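Just one chain is shown here, as structure tokens, and it is the form deposited in one PDB entry.
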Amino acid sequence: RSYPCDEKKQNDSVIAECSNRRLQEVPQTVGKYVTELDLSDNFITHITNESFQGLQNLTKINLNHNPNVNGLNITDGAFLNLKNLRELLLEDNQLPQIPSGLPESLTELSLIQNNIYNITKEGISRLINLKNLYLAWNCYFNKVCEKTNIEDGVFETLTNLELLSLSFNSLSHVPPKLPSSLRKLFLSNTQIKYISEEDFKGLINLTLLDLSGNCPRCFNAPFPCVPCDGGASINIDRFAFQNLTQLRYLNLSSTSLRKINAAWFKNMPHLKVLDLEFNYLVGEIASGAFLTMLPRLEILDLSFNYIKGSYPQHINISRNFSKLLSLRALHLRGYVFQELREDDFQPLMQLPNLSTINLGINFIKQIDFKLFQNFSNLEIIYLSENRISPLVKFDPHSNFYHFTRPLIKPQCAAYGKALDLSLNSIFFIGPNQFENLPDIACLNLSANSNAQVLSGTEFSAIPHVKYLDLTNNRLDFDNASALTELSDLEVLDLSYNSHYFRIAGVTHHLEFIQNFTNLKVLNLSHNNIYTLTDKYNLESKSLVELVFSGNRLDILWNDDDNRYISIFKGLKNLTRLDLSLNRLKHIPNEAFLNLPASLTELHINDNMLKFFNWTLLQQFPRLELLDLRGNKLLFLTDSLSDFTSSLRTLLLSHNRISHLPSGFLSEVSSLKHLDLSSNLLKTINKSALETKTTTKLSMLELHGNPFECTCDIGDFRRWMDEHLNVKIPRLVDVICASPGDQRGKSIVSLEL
């Protein structure tokens, strides 16, 4: 049992996870076999060459964010005897300079978010193995440093350097004498307003250039933003990129461009990704000479180029878009326009690989949906945040300018062609809503204030939908025919539906569910279901997972006539059931016994349970996960293993357990993970301490208990050393609440 770090296996190389643990110095109890050491988010103030003594197998050290919330003091040569050290992360440590005597074995060095104003030869010129060097966020909106001092030729001796990041520094000009090994050069937010033919001298290998945020268009930035005088644009000589023949990635986001010189791309015919977000390029999107110079571009982002105060009728797309033969993804959010016509998108219909069209946040009122049938490989049509109506006729390493998360959930898009119409004005489903759509497999209509009474005919023009997201609407699905035109439906998400037509004796009528042969996942969370009117147990032979949290099972199960005792019983294939957040005080024995026999995972967290009948687990021989967190439980059984042989994970955090019964830390030999964190335990008793057969417990959580650190914590501490297979994570947070002189200390730190 290592302490204070959690040691873990990773192929060959053993990692010490030692972060966010309130340490004040480098621990001297780090395993000598450890190869990586994450000491980030602590209170370390001093590093010497003693700090890492006899840790010769160290390959990576992360010291980020120390001291967390005057700088980290690193003595000259502190790291110098670590011969195998490759990666050194020293981010956000308030360093006033580059540490001297860094080891030449380094291939990766991060010094972001410090106060380094001076990049010197003395600091880094001997790091001749360096491949990646991160120096971002150092001389940044800082009254003391007007401009980063880059010693002339400092990087020229770094002949293996492949990645250099200087973003978020007051640079003013590109540093000369960069090594020609450079592949990736990040100069975002550096206050460079002019780029000449000589800035990229000898950089014949460059594959990425990032010049975003120089002369920004300030639109909701998470960092300080300041436009160039006159909101002017970055000035890039015609010939600045003429030698950059390997460039694959070019980021020109937020440079206030109004004009794109076609000649910039002349010698760059393999460019793959071009970011032009947050500029003023509507004119260029219409004439676009540069579009003819990009035969291999795959991703083009032109988002948020709208003209202020403008709402043109139509988007104006140059016919030159038809020259983007390799295009796969087009991002055009925030152009801002009233209607998309068949004709306006003609240039794109020729593109054989175009699979993503992103038109979110354009306030589009009307689209001729049939235009989408005329593409070869359209797979994602993203139209969230527009104004379609019913048709009745921060992390400092972020990519900040690009929409980087999947546009549509991958669980939904994996089914096939995907259409996202969330956050529009589709307040009911018009009879023509889906007319002339391609064969949609994945559909999002979330958050449209949609009050449709579903009747079995609304989705019939797109009958192959497999994943249907209808969350945050006002739908009525009381009709047994609701959604039954969707016979291949697999996943239905009705989370947060509030019913606007409640009829006493009808709502909620859930009969439609029985219709689907292939329905696997159903989310009825936060539907405030407190009444049910189905004659018999609804039966499904397919349903795998039912989410029923945020409803009123407390009312359904307090029914005087016990009508709802059996409501889940006909879910014959169900393995996962979520009954969280249903205000449950006690579940009636007969209601619990009628849960689906097939259950493998049952969540009853965040209720108000004060009683749990453990003996009812005998009825569930497949039960592997039982989640009782966030309740009000006081007692546990002293014979869990008489009630289950399958249970693997038992989660009991945030309850009021003060006592562990004799014979609880077993016998349940199937139990691998037991979570007792955040309860009222003052001690861990002898007898709950037994050892039979093999306590194959491999995770025991205990942090957050008011422990008593007298010699009554001695048993448990001895146990902890007998059973080393049992991991106790976060040992550092298993804290004494008493007596006063032990308070705040780890239960580990007290002597025999």
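So that there is no doubt, residue numbering starts at 1 and follows the sequence shown. Each form is matched to the other, and the largest set of C-alpha atoms that superpose within 1.5 Å is called the rigid core.
- Modelled in this chain, residue 12 is nonetheless absent from a third or more of the other compared entries whose models extend past it on both sides.
- Gaps at residue 692 occur in at least a third of the other compared entries of the protein that contain both adjacent residues.
- Unmodelled deposited residues between residue 724 and residue 725: none, per the record.
- The modelled chain breaks after residue 393 and resumes at residue 394, leaving 10 or more residues of the deposited sequence without coordinates.
- Stretch comparison (490 to 498 versus 340 to 348) by mean CA B-factor in the PDB entry places 340 to 348 on top.
- Set 139 to 147 against 360 to 368 and average the Cα temperature factors; 139 to 147 ends up higher.
- Among 478, 559, 606, 439, the highest C-alpha B-factor in the deposited entry belongs to 559.
- Comparing the listed residues 705, 45, 62, 687, the entry records the largest Cα B-factor for 687.
- The PDB entry assigns residue 660 a C-alpha temperature factor belonging to the highest third of its chain's modelled residues.
- When the CA B factors of the chain's modelled residues are split into thirds, the value for residue 213 lands in the lowest one.
- The deposited CA B-factor of residue 105 belongs to the lowest third of values across its chain.
- Per-chain ranking of the deposited C-alpha B factor places residue 156 in the highest third.
- Among the modelled residues of its chain, residue 416 has a C-alpha B-factor that falls in the lowest third, as given in the PDB entry.
The same protein also exists as the form deposited in another entry; that form is not shown, yet it is the one meant from here on.
- In the core-aligned comparison between the shown form and the other one, the C-alpha of 499 is the only one from 603, 184, 499, 272 that shifts by 2 Å or more.
- Once the rigid core is used as the reference frame, the Cα position of residue 298 differs between the shown form and the other one by less than 2 Å.
- With a cut-off of 2 Å and the rigid core superposed, residue 709 has a Cα displacement that reaches or exceeds the cut-off between the shown form and the other one.
- Fitting the two forms on the rigid core leaves the C-alpha of residue 368 displaced by under 2 angstroms between the shown form and the other one.
- By 3 Å or more, the C-alpha separation between residue 153 and residue 142 grows in the other form relative to the form shown here.
- Relative to the displayed conformation, the Cα-Cα distance from residue 219 to residue 422 grows by 3 Å or more in the other form.
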